[PDB]
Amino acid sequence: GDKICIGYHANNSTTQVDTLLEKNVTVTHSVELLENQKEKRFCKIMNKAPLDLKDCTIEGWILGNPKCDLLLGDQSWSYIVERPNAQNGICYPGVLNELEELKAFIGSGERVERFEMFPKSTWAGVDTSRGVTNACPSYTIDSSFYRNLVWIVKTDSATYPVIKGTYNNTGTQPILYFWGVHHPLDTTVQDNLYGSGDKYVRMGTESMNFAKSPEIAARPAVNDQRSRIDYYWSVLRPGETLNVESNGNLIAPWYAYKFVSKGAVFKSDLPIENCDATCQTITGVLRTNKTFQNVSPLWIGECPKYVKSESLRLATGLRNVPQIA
């Protein structure tokens, strides 16, 4: 007789989902929720290109290593790429104190403006011109020094006199500045460069106090130097004032950055091309609309949630049981 039946949809779908009860279940329609695909390059985020530190490390860029002069002016970045194998960093051997806190602080920023904080004339009766090292060559000059610091030495006259400087931050922006403390290997080097007697370096602001005296001894040769320099950083808040005062061994602030304040610092091989991005990870761009990604937990911009899942395929259609021809 006449037949009326009830049933359901089928199609040539061979796409399978998974279930708590069953595995490898073919269905009629489904949605992948995860992105496993990645342009292996770096791009502009917010239409603001990254800073490629090239052959220089973060210590090398910002302290002002002579071989990093490419990076020297002001800088505006959306993130920082630091090539892993960069060989230009702290050329005159020694420790940059609170290194990790500074890499962190530089990471927070989007812009720095270089300016001359303490002109060489700030220090009377001493030699601004003489101090440079063979451990810190420029490409052109065998002996040079950091473009942000002055290795002040005493003049031909024997005494190194108390030297003093101040800088008042009447500005609207914070100031990242550096300084240091020379530590000769010898009593002979100490007397040649600086006066006779106990020397000191001292600096202070409303919210800071620093104070150090040279520790004199031979450390193993690094860059042919058995002496060391302690480097230091700090941030002059707006409205704050810095007083500098030393009778020797001061490696002085020369140039400082007005600093504008999530951002990242990527250590990476990847190329930086003329391309835009909306999500950048440390292993590539994500040009996607998916909800999850298994690419990398380290990104900047708008990205999907990072999980270790190979697939996250939701089902939206019924089980696919088509007729067998």
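All residue numbers are counted from 1 along the displayed sequence.
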For the neighbouring pair residue 261 and residue 262, the stretch of deposited sequence with no coordinates amounts to 1 to 3
Going by the entry, of stretches 37-45 and 22-30 the one with greater average Cα B-factor is 37-45
Higher avg CA temperature factor (194-202 vs 244-252, as deposited) belongs to 194-202
Among 10, 315, 312, 303, highest Cα B-factor in the entry goes to 303
Based on the PDB entry, the highest CA temperature factor among the options 92, 160, 146, 179 is that of 160
Of the three thirds of the chain ranked by Cα temperature factor, residue 74 occupies the middle
The third of the chain into which the C-alpha temperature factor of residue 100 falls is the lowest
In terms of its chain's C-alpha B-factors, the third that includes residue 274 is the highest
Among the modelled residues of its chain, the C-alpha B-factor of residue 297 falls in the third labelled lowest
Assert third(CA B-factor, residue 154) within chain per record equals highest
